[PDB]
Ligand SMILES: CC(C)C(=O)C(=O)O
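Just the one chain here, laid out as structure tokens, in the form deposited without the ligand.
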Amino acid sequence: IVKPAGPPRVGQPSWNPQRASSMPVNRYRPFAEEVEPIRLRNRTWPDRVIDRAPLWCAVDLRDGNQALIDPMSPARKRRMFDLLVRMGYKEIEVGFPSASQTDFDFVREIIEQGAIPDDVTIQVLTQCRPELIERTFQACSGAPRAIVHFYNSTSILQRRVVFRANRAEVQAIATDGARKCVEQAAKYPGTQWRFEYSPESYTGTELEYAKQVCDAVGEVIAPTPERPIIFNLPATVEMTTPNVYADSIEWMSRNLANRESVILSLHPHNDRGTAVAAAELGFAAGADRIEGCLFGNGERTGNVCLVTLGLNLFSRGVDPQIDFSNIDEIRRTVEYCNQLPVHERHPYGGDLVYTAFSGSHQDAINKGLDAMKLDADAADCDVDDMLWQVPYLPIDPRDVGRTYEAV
């Protein structure tokens, strides 16, 4: 590590003695130049406070599992599915069955053994090739309902170096995929098929082009308000600040064709550590649905954490529609399934998150707790039912089955 020794910036205040590092910043461009500048005029998300739960989709079983050093065994997968069901999740990603025999086997097992509750819709991932799309539908044979999630990469970079293809050609991959899904659904009546499309690497894709591909896919699928389509907009790489994600989401929500037949879905990764914020801002921008994992498992920096998002609603008086009353049981099961720890400082579930080491903070917390008890008596009430008013502790640890520890 070499102490930066370059000169200060032109106009750097004299009280800031920081120096230029020799890091190769020239290999990297501001988001506006790497992709495009902000399309969004008259944004409204900064003025909208979340007042309801989104539709949650848990991707722990596929998008999560794919990220593991030690892949989930059949037993760990069933434990994860069971946990997700008991928590209250209604859409659950279960595999990439056309590319993974173990995914394929798991899908068959839950279908054939009657593991799927009537209000749960399994989700399967597929790429656009016709034979992979056929294998996806076959895996799901006998399912009473399923979401077939088809996708292809739309970014400026991937169009150039991966596909070596223009805009029309890349759009045709997606529309040809949708046409195949329509053909296959007709071949398999009696499963209620639902569709989800992602312009993968959406955050690296020009918005007008993202809207174009989605609109075209929608034309083929012909969704209706009663049989909507999911357009899921992934931050495949989280590329800039979460305000710009949210602006993009609002622009899409405002401008996509047939909007009232669209479930607008978010899938934010954490490359810049701001996945939760992108999700929360993006939800205020008009999204309908969020794809994440318990404790934010997923490749590299991971998926948006469903626990942090859920309890961020609860702690501001909004029902997440999910049972978080035993976070310890959630946490044990997750660590068992993923064979990877929940960090000590992880919001709501980490080892240290209901501890106070500071003496002043310990004093203040006791004042807060003693004053609540005093009020409980002066109202003839159970303190446990009263408005939580304790300095330093955003929630009563007992509402998630945890305990405050003065250390």
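In this text, residue numbers run from 1 along the sequence as written.
One more form of this protein, solved in complex with the ligand, exists but is not displayed; see below.
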Open or blocked, can you tell me? Superimpose the site C-alphas, put the ligand where it sits in the deposited bound form, and call it blocked only if 3 or more of its atoms are within 2.4 Å of a backbone or C-beta atom.
open
Would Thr154 sit within 4.5 Å of the ligand in the deposited bound form, counting heavy atoms only?
no
Contact of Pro234 with the ligand in the deposited bound form (heavy atom, 4.5 Å):
yes
Whether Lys77 contacts the ligand in the deposited bound form should be assessed with a 4.5 Å heavy atom distance threshold; does it?
no
At the 4.5 Å heavy atom threshold, is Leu125 in contact with the ligand in the deposited bound form?
yes
Give me the residue from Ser198, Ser265, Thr136, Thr205 that has a heavy atom within 4.5 Å of the ligand in the deposited bound form.
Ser198
Which one, 97-105, 145-153, 84-92, 163-171, holds residues whose non-hydrogen atoms are within 4.5 Å of the ligand in the deposited bound form?
145-153
Quick one: name the residues from 37-72 with any non-hydrogen atom within 4.5 angstroms of the ligand in the deposited bound form.
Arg62, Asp63
